[PDB]
file my_file.cif (mmCIF, C-alpha atoms and all ligand atoms)
data_work
loop_
_atom_site.group_PDB
_atom_site.id
_atom_site.type_symbol
_atom_site.label_atom_id
_atom_site.label_comp_id
_atom_site.auth_asym_id
_atom_site.auth_seq_id
_atom_site.Cartn_x
_atom_site.Cartn_y
_atom_site.Cartn_z
ATOM 1 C CA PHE A 1 0.000 0.000 0.000
ATOM 2 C CA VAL A 2 1.102 3.573 -0.675
ATOM 3 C CA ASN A 3 3.178 5.276 2.041
ATOM 4 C CA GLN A 4 2.447 8.975 1.607
ATOM 5 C CA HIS A 5 0.331 11.950 2.613
ATOM 6 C CA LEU A 6 -3.355 11.567 1.732
ATOM 7 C CA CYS A 7 -5.577 14.634 1.934
ATOM 8 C CA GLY A 8 -9.078 15.781 1.081
ATOM 9 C CA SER A 9 -11.035 13.783 -1.463
ATOM 10 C CA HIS A 10 -7.924 11.637 -1.948
ATOM 11 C CA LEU A 11 -7.983 10.578 1.705
ATOM 12 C CA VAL A 12 -11.748 10.012 1.488
ATOM 13 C CA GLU A 13 -11.439 7.766 -1.571
ATOM 14 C CA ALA A 14 -8.606 5.869 0.131
ATOM 15 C CA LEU A 15 -10.911 5.191 3.085
ATOM 16 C CA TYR A 16 -13.613 4.095 0.637
ATOM 17 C CA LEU A 17 -11.359 1.485 -0.987
ATOM 18 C CA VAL A 18 -9.705 0.298 2.229
ATOM 19 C CA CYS A 19 -12.841 0.039 4.382
ATOM 20 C CA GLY A 20 -15.065 -1.605 1.787
ATOM 21 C CA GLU A 21 -18.390 -2.904 3.068
ATOM 22 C CA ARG A 22 -17.607 -1.775 6.621
ATOM 23 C CA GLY A 23 -17.847 1.774 5.376
ATOM 24 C CA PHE A 24 -16.094 4.555 7.227
ATOM 25 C CA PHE A 25 -16.560 7.852 9.019
ATOM 26 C CA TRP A 26 -15.104 11.071 7.599
ATOM 27 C CA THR A 27 -14.838 13.529 10.512
ATOM 28 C CA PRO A 28 -12.128 16.066 9.525
ATOM 29 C CA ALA A 29 -12.959 18.514 12.337
ATOM 30 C CA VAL B 2 -25.376 1.196 -12.806
ATOM 31 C CA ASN B 3 -22.468 -0.337 -10.884
ATOM 32 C CA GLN B 4 -23.124 0.721 -7.289
ATOM 33 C CA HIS B 5 -19.461 0.661 -6.355
ATOM 34 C CA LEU B 6 -18.239 3.229 -8.903
ATOM 35 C CA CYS B 7 -21.268 5.400 -8.143
ATOM 36 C CA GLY B 8 -20.273 5.113 -4.491
ATOM 37 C CA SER B 9 -16.818 6.452 -5.303
ATOM 38 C CA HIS B 10 -18.360 9.509 -6.959
ATOM 39 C CA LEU B 11 -20.793 9.845 -4.038
ATOM 40 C CA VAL B 12 -18.150 10.014 -1.317
ATOM 41 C CA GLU B 13 -16.211 12.574 -3.348
ATOM 42 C CA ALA B 14 -19.353 14.688 -3.774
ATOM 43 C CA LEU B 15 -20.147 14.338 -0.061
ATOM 44 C CA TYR B 16 -16.621 15.425 0.785
ATOM 45 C CA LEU B 17 -17.338 18.696 -1.016
ATOM 46 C CA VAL B 18 -20.968 19.158 0.078
ATOM 47 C CA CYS B 19 -20.547 18.289 3.757
ATOM 48 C CA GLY B 20 -17.157 19.906 4.301
ATOM 49 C CA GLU B 21 -16.492 20.492 7.990
ATOM 50 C CA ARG B 22 -19.565 18.652 9.289
ATOM 51 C CA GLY B 23 -18.420 15.471 7.533
ATOM 52 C CA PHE B 24 -20.464 12.348 6.937
ATOM 53 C CA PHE B 25 -20.777 8.649 7.692
ATOM 54 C CA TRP B 26 -20.542 6.157 4.821
ATOM 55 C CA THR B 27 -22.430 2.959 5.695
ATOM 56 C CA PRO B 28 -23.321 0.731 2.700
ATOM 57 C CA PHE C 1 -20.116 23.331 1.774
ATOM 58 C CA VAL C 2 -16.340 22.998 2.029
ATOM 59 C CA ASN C 3 -14.379 26.181 2.805
ATOM 60 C CA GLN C 4 -10.964 25.586 1.261
ATOM 61 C CA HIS C 5 -8.706 26.000 -1.752
ATOM 62 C CA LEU C 6 -9.942 24.157 -4.848
ATOM 63 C CA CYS C 7 -7.562 23.770 -7.775
ATOM 64 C CA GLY C 8 -7.277 22.012 -11.110
ATOM 65 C CA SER C 9 -9.505 19.024 -11.743
ATOM 66 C CA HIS C 10 -10.751 19.384 -8.161
ATOM 67 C CA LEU C 11 -12.065 22.879 -8.880
ATOM 68 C CA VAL C 12 -13.548 21.654 -12.172
ATOM 69 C CA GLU C 13 -15.402 18.779 -10.501
ATOM 70 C CA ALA C 14 -16.645 21.171 -7.808
ATOM 71 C CA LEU C 15 -18.107 23.391 -10.533
ATOM 72 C CA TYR C 16 -19.661 20.300 -12.121
ATOM 73 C CA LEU C 17 -21.484 19.329 -8.918
ATOM 74 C CA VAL C 18 -22.455 22.866 -7.898
ATOM 75 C CA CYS C 19 -23.663 24.093 -11.300
ATOM 76 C CA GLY C 20 -25.614 20.986 -12.261
ATOM 77 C CA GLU C 21 -27.806 21.317 -15.338
ATOM 78 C CA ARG C 22 -26.789 24.956 -15.827
ATOM 79 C CA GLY C 23 -23.333 23.711 -16.667
ATOM 80 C CA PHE C 24 -20.348 25.980 -16.251
ATOM 81 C CA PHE C 25 -17.422 27.598 -18.018
ATOM 82 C CA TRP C 26 -13.841 26.640 -17.149
ATOM 83 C CA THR C 27 -11.625 29.530 -18.305
ATOM 84 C CA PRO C 28 -8.417 29.324 -16.202
ATOM 85 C CA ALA C 29 -6.481 31.820 -18.348
ATOM 86 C CA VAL D 2 -24.412 4.170 -18.812
ATOM 87 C CA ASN D 3 -25.300 6.796 -16.201
ATOM 88 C CA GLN D 4 -24.719 10.087 -18.019
ATOM 89 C CA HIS D 5 -23.921 11.973 -14.841
ATOM 90 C CA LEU D 6 -20.941 9.862 -13.725
ATOM 91 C CA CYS D 7 -19.672 9.789 -17.310
ATOM 92 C CA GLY D 8 -19.975 13.573 -17.253
ATOM 93 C CA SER D 9 -17.747 13.729 -14.187
ATOM 94 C CA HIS D 10 -15.063 11.735 -16.000
ATOM 95 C CA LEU D 11 -15.578 13.894 -19.105
ATOM 96 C CA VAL D 12 -14.953 17.228 -17.396
ATOM 97 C CA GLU D 13 -11.838 15.808 -15.746
ATOM 98 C CA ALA D 14 -10.562 14.563 -19.115
ATOM 99 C CA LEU D 15 -11.384 17.922 -20.719
ATOM 100 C CA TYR D 16 -9.507 19.693 -17.949
ATOM 101 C CA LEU D 17 -6.397 17.782 -19.014
ATOM 102 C CA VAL D 18 -6.953 17.861 -22.792
ATOM 103 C CA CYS D 19 -7.965 21.513 -23.122
ATOM 104 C CA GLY D 20 -5.589 22.959 -20.540
ATOM 105 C CA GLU D 21 -5.137 26.693 -21.030
ATOM 106 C CA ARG D 22 -7.788 27.106 -23.735
ATOM 107 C CA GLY D 23 -10.432 25.707 -21.377
ATOM 108 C CA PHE D 24 -13.915 24.566 -22.296
ATOM 109 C CA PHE D 25 -17.620 25.189 -21.804
ATOM 110 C CA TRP D 26 -19.745 22.474 -20.186
ATOM 111 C CA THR D 27 -23.374 22.789 -21.321
ATOM 112 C CA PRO D 28 -25.520 19.654 -20.786
ATOM 113 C CA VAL E 2 -20.841 -1.340 -17.146
ATOM 114 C CA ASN E 3 -18.733 0.949 -19.341
ATOM 115 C CA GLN E 4 -15.273 -0.628 -19.201
ATOM 116 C CA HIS E 5 -13.493 2.657 -19.779
ATOM 117 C CA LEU E 6 -14.860 4.524 -16.740
ATOM 118 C CA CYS E 7 -14.337 1.412 -14.615
ATOM 119 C CA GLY E 8 -10.769 1.405 -15.912
ATOM 120 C CA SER E 9 -10.287 4.959 -14.675
ATOM 121 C CA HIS E 10 -11.393 3.926 -11.185
ATOM 122 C CA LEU E 11 -9.204 0.809 -11.432
ATOM 123 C CA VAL E 12 -5.961 2.640 -12.174
ATOM 124 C CA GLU E 13 -6.668 5.061 -9.331
ATOM 125 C CA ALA E 14 -7.289 2.154 -6.946
ATOM 126 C CA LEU E 15 -4.135 0.406 -8.182
ATOM 127 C CA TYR E 16 -2.163 3.588 -7.622
ATOM 128 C CA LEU E 17 -3.138 3.390 -3.952
ATOM 129 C CA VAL E 18 -2.915 -0.398 -3.513
ATOM 130 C CA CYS E 19 0.376 -0.969 -5.333
ATOM 131 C CA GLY E 20 2.175 2.166 -4.175
ATOM 132 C CA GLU E 21 5.928 1.835 -4.615
ATOM 133 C CA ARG E 22 5.862 -1.481 -6.489
ATOM 134 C CA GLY E 23 3.663 0.070 -9.185
ATOM 135 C CA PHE E 24 1.752 -1.760 -11.883
ATOM 136 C CA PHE E 25 1.377 -2.281 -15.616
ATOM 137 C CA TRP E 26 -1.902 -1.309 -17.292
ATOM 138 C CA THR E 27 -2.430 -3.378 -20.454
ATOM 139 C CA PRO E 28 -6.038 -3.458 -21.758
ATOM 140 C CA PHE F 1 -2.841 19.744 -23.540
ATOM 141 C CA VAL F 2 -2.227 21.004 -20.008
ATOM 142 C CA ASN F 3 1.281 22.297 -19.228
ATOM 143 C CA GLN F 4 1.689 21.727 -15.498
ATOM 144 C CA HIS F 5 2.889 19.436 -12.732
ATOM 145 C CA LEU F 6 1.035 16.111 -12.593
ATOM 146 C CA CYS F 7 1.486 13.931 -9.522
ATOM 147 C CA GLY F 8 0.117 10.787 -7.931
ATOM 148 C CA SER F 9 -3.281 9.561 -9.048
ATOM 149 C CA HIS F 10 -3.522 12.678 -11.226
ATOM 150 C CA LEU F 11 -0.428 11.650 -13.185
ATOM 151 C CA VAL F 12 -1.735 8.073 -13.388
ATOM 152 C CA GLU F 13 -5.104 9.168 -14.783
ATOM 153 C CA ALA F 14 -3.316 11.440 -17.266
ATOM 154 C CA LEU F 15 -1.338 8.433 -18.507
ATOM 155 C CA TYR F 16 -4.592 6.469 -18.724
ATOM 156 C CA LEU F 17 -6.233 9.057 -20.990
ATOM 157 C CA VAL F 18 -3.146 9.796 -23.090
ATOM 158 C CA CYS F 19 -2.009 6.201 -23.657
ATOM 159 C CA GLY F 20 -5.426 4.734 -24.400
ATOM 160 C CA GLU F 21 -5.427 1.181 -25.730
ATOM 161 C CA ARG F 22 -1.624 1.004 -25.620
ATOM 162 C CA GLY F 23 -1.885 1.120 -21.862
ATOM 163 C CA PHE F 24 1.027 2.336 -19.796
ATOM 164 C CA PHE F 25 3.463 1.431 -17.048
ATOM 165 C CA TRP F 26 3.379 3.228 -13.692
ATOM 166 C CA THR F 27 6.815 2.727 -12.098
ATOM 167 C CA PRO F 28 7.268 5.615 -9.606
ATOM 168 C CA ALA F 29 10.329 4.083 -7.912
ATOM 169 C CA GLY G 1 -30.452 5.173 1.207
ATOM 170 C CA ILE G 2 -28.075 7.424 -0.700
ATOM 171 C CA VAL G 3 -27.152 4.698 -3.191
ATOM 172 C CA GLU G 4 -30.729 4.016 -4.291
ATOM 173 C CA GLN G 5 -31.803 7.669 -4.325
ATOM 174 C CA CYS G 6 -28.721 8.948 -6.086
ATOM 175 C CA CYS G 7 -27.298 6.203 -8.237
ATOM 176 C CA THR G 8 -30.226 5.906 -10.676
ATOM 177 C CA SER G 9 -31.302 9.569 -10.467
ATOM 178 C CA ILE G 10 -29.154 12.687 -10.184
ATOM 179 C CA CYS G 11 -28.991 14.203 -6.711
ATOM 180 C CA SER G 12 -28.234 17.893 -6.328
ATOM 181 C CA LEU G 13 -25.948 19.254 -3.631
ATOM 182 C CA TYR G 14 -29.084 20.187 -1.682
ATOM 183 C CA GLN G 15 -30.335 16.591 -1.773
ATOM 184 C CA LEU G 16 -26.813 15.361 -0.995
ATOM 185 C CA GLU G 17 -26.400 17.444 2.142
ATOM 186 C CA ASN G 18 -29.245 15.398 3.632
ATOM 187 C CA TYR G 19 -26.576 12.722 4.161
ATOM 188 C CA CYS G 20 -24.142 14.979 6.006
ATOM 189 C CA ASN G 21 -23.752 14.912 9.768
ATOM 190 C CA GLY H 1 -22.928 16.319 -28.200
ATOM 191 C CA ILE H 2 -20.010 15.135 -26.094
ATOM 192 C CA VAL H 3 -22.216 12.970 -23.872
ATOM 193 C CA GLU H 4 -23.695 10.944 -26.731
ATOM 194 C CA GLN H 5 -20.441 10.641 -28.685
ATOM 195 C CA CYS H 6 -18.294 9.782 -25.705
ATOM 196 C CA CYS H 7 -20.417 8.079 -23.101
ATOM 197 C CA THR H 8 -21.258 4.941 -25.113
ATOM 198 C CA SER H 9 -18.014 4.871 -27.134
ATOM 199 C CA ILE H 10 -14.485 5.739 -26.036
ATOM 200 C CA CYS H 11 -13.245 9.136 -27.183
ATOM 201 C CA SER H 12 -9.525 9.728 -27.553
ATOM 202 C CA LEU H 13 -7.839 12.948 -26.486
ATOM 203 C CA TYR H 14 -7.881 13.985 -30.150
ATOM 204 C CA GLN H 15 -11.659 13.542 -30.339
ATOM 205 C CA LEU H 16 -12.013 15.233 -26.943
ATOM 206 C CA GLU H 17 -10.139 18.377 -27.920
ATOM 207 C CA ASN H 18 -12.946 19.034 -30.408
ATOM 208 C CA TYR H 19 -14.891 20.248 -27.357
ATOM 209 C CA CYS H 20 -12.238 22.693 -26.169
ATOM 210 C CA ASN H 21 -12.491 26.420 -26.760
ATOM 211 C CA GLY I 1 -10.694 34.811 -12.590
ATOM 212 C CA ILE I 2 -11.723 31.513 -11.033
ATOM 213 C CA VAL I 3 -8.160 30.381 -10.285
ATOM 214 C CA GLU I 4 -7.262 33.511 -8.317
ATOM 215 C CA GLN I 5 -10.609 33.544 -6.503
ATOM 216 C CA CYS I 6 -11.073 29.853 -5.652
ATOM 217 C CA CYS I 7 -7.622 28.219 -5.968
ATOM 218 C CA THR I 8 -5.319 30.923 -4.576
ATOM 219 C CA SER I 9 -8.077 32.372 -2.389
ATOM 220 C CA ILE I 10 -11.032 30.508 -0.924
ATOM 221 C CA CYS I 11 -14.447 30.772 -2.562
ATOM 222 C CA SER I 12 -17.868 30.493 -1.012
ATOM 223 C CA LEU I 13 -20.555 28.465 -2.758
ATOM 224 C CA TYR I 14 -21.933 31.721 -4.198
ATOM 225 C CA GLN I 15 -18.567 32.897 -5.524
ATOM 226 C CA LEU I 16 -18.130 29.415 -6.996
ATOM 227 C CA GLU I 17 -21.564 29.778 -8.603
ATOM 228 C CA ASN I 18 -20.512 32.996 -10.342
ATOM 229 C CA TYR I 19 -18.832 30.613 -12.825
ATOM 230 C CA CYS I 20 -21.944 28.638 -13.721
ATOM 231 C CA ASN I 21 -23.694 29.377 -17.010
ATOM 232 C CA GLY J 1 -8.034 -9.918 -16.552
ATOM 233 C CA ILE J 2 -8.597 -7.109 -14.071
ATOM 234 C CA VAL J 3 -11.413 -5.575 -16.124
ATOM 235 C CA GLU J 4 -13.524 -8.738 -16.224
ATOM 236 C CA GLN J 5 -12.843 -9.745 -12.615
ATOM 237 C CA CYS J 6 -13.356 -6.301 -11.163
ATOM 238 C CA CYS J 7 -15.734 -4.374 -13.359
ATOM 239 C CA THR J 8 -18.820 -6.555 -12.791
ATOM 240 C CA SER J 9 -17.912 -7.628 -9.236
ATOM 241 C CA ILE J 10 -16.265 -5.616 -6.470
ATOM 242 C CA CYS J 11 -12.588 -6.367 -5.920
ATOM 243 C CA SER J 12 -11.048 -5.719 -2.523
ATOM 244 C CA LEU J 13 -7.596 -4.220 -2.083
ATOM 245 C CA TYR J 14 -6.327 -7.754 -1.450
ATOM 246 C CA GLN J 15 -7.697 -8.956 -4.794
ATOM 247 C CA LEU J 16 -6.415 -5.772 -6.448
ATOM 248 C CA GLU J 17 -2.834 -6.192 -5.284
ATOM 249 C CA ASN J 18 -2.721 -9.340 -7.423
ATOM 250 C CA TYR J 19 -2.274 -6.920 -10.340
ATOM 251 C CA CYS J 20 0.664 -5.048 -8.828
ATOM 252 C CA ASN J 21 4.240 -5.666 -9.896
ATOM 253 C CA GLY K 1 -7.870 12.944 14.050
ATOM 254 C CA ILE K 2 -7.572 11.524 10.550
ATOM 255 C CA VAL K 3 -6.280 14.756 8.995
ATOM 256 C CA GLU K 4 -3.381 15.118 11.432
ATOM 257 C CA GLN K 5 -2.533 11.411 11.250
ATOM 258 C CA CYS K 6 -2.855 10.720 7.511
ATOM 259 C CA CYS K 7 -2.715 14.122 5.757
ATOM 260 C CA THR K 8 -0.110 15.990 7.826
ATOM 261 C CA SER K 9 1.615 12.760 8.866
ATOM 262 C CA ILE K 10 1.725 9.512 6.916
ATOM 263 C CA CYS K 11 -0.590 6.654 7.855
ATOM 264 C CA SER K 12 -0.091 2.943 7.446
ATOM 265 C CA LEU K 13 -2.939 0.802 6.148
ATOM 266 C CA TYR K 14 -3.749 -0.129 9.761
ATOM 267 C CA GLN K 15 -3.813 3.475 10.980
ATOM 268 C CA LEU K 16 -6.007 4.266 7.974
ATOM 269 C CA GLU K 17 -8.273 1.381 9.000
ATOM 270 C CA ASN K 18 -8.755 2.872 12.469
ATOM 271 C CA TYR K 19 -11.279 5.136 10.687
ATOM 272 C CA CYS K 20 -13.431 2.361 9.254
ATOM 273 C CA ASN K 21 -16.731 1.546 10.948
ATOM 274 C CA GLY L 1 11.709 8.510 -14.106
ATOM 275 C CA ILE L 2 8.149 9.714 -14.592
ATOM 276 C CA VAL L 3 7.902 11.388 -11.176
ATOM 277 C CA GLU L 4 10.999 13.542 -11.677
ATOM 278 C CA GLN L 5 10.045 14.388 -15.265
ATOM 279 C CA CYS L 6 6.303 15.063 -14.940
ATOM 280 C CA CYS L 7 5.625 15.679 -11.221
ATOM 281 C CA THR L 8 8.710 17.654 -10.155
ATOM 282 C CA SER L 9 9.243 19.026 -13.666
ATOM 283 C CA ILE L 10 6.585 19.630 -16.298
ATOM 284 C CA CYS L 11 6.100 17.134 -19.117
ATOM 285 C CA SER L 12 4.847 17.704 -22.623
ATOM 286 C CA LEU L 13 2.343 15.288 -24.132
ATOM 287 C CA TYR L 14 5.245 13.548 -25.901
ATOM 288 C CA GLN L 15 7.332 13.183 -22.741
ATOM 289 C CA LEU L 16 4.197 11.865 -21.035
ATOM 290 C CA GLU L 17 3.800 9.394 -23.906
ATOM 291 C CA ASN L 18 7.302 8.020 -23.330
ATOM 292 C CA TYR L 19 5.618 6.069 -20.497
ATOM 293 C CA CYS L 20 2.994 4.357 -22.635
ATOM 294 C CA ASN L 21 3.514 0.723 -23.607
HETATM 295 CL CL CL M 1 -18.402 5.552 -13.343
HETATM 296 ZN ZN ZN M 2 -5.736 15.927 -6.170
HETATM 297 ZN ZN ZN M 3 -16.780 6.881 -12.425
#
call {"tool": "encode", "arguments": {"input": "my_file.cif", "output": "structure tokens", "more": "lines below"}}
Ligand SMILES: [Cl-]
Ligand SMILES: [Zn+2]
Ligand SMILES: [Zn+2]
result
Amino acid sequence: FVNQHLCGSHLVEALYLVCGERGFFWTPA
Amino acid sequence: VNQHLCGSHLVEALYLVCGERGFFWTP
Amino acid sequence: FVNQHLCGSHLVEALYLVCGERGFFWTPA
Amino acid sequence: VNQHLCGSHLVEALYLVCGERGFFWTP
Amino acid sequence: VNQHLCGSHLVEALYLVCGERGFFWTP
Amino acid sequence: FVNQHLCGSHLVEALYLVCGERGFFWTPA
Amino acid sequence: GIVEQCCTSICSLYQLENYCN
Amino acid sequence: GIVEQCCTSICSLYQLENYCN
Amino acid sequence: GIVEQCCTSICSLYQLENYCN
Amino acid sequence: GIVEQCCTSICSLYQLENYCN
Amino acid sequence: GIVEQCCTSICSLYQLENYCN
Amino acid sequence: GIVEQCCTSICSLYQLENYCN
């Protein structure tokens, strides 16, 4: 897996792929 | 319509729309 | 709505979503 | 084919292809 | 399913998954 | 065509579009 | 859910913000 | 239009630049 | 232009909408 | 190939890394 | 939070998975 | 490599095409 900074929509999409059917929470606050 | 690709677009769109308040993604 | 810098394809996609059926113009010059 | 998702990909592609000259998106 | 759009999503996903080791895309 | 820095998934997608049926190799090492 | 409402029809940003926190 | 020409068939970058300004 | 307003500065949704058709 | 395996069904990251170098 | 861990710092796949449901 | 040429420096369409198959 990539070893780098992931930000914004890129981070969100990464969570999407990695979490799969579990889904995820995106709480950037 | 492949739900998975649509999902990708949906979480991007929700990133923009929700901003600070964020969202939960629960298929 | 997000309060942040939007650039390149990210800005373009943001316009896509926000403008909807109106469409938009992308004139970065 | 869902025209909206395709549209998303299309405006990204046009971003790259058109570059400086830009484009108008008018569904 | 339009194979081309799916392909777009696939090469993004492979970017993330493969990271350093990279990949070959050969339709 | 755009004259600018292309990085990460952006560079990969650019290769996707530009190379078409030839495909491409993504070797960032 | 968001997938059924928005994957066959187009959802606007106003319909999409329903799914925010 | 671009949607009909390019959403069922694949458009190359050369066909896509038709739709630039 | 849109780059100075929304990429170098931050735009609101309304400023962003100034660039719709 | 990756297109047939993954464009009709969902591939996980574990199935996707099969296609890495 | 996820921004400090994975956007300002780098996250592993496991750290990234701490934010799944 | 492609990162030095097109991400740290700018690539033309031809330089970018050096990385097609
Ligand atoms: Cl799609
Ligand atoms: Zn980006
Ligand atoms: Zn898509």
call {"tool": "interface_residues", "arguments": {"input": "my_file.cif", "of": "chain F", "to": "chain E", "cutoff": "8 Å", "atoms": "only C-alpha atoms", "output": "PyMOL selection string"}}
result
chain F and resi 8-9+12-13+16+21-29
call {"tool": "interface_residues", "arguments": {"input": "my_file.cif", "of": "chain J", "to": "chain A", "cutoff": "9 Å", "atoms": "only C-alpha atoms", "output": "PDB file with C-alpha atoms, keeping the file's coordinate frame"}}
result
ATOM      1  CA  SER J  12     -11.048  -5.719  -2.523  1.00  0.00           C
ATOM      2  CA  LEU J  13      -7.596  -4.220  -2.083  1.00  0.00           C
ATOM      3  CA  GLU J  17      -2.834  -6.192  -5.284  1.00  0.00           C
TER       4      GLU J  17
END
call {"tool": "calpha_fit_rmsd", "arguments": {"input": "my_file.cif", "fixed": "chain I", "moving": "chain G"}}
result
0.8 Å
call {"tool": "atom_distance", "arguments": {"input": "my_file.cif", "atom1": "CA of residue 3 (chain I)", "atom2": "CA of residue 16 (chain I)"}}
result
10.5 Å
call {"tool": "atom_distance", "arguments": {"input": "my_file.cif", "atom1": "atom ZN of ligand ZN 3 (chain M)", "atom2": "CA of residue 10 (chain J)"}}
result
13.9 Å
call {"tool": "interface_residues", "arguments": {"input": "my_file.cif", "of": "chain J", "to": "chain B", "cutoff": "9 Å", "atoms": "only C-alpha atoms", "output": "PyMOL selection string"}}
result
chain J and resi 7-10
call {"tool": "atom_distance", "arguments": {"input": "my_file.cif", "atom1": "CA of residue 19 (chain H)", "atom2": "CA of residue 11 (chain I)"}}
result
26.9 Å
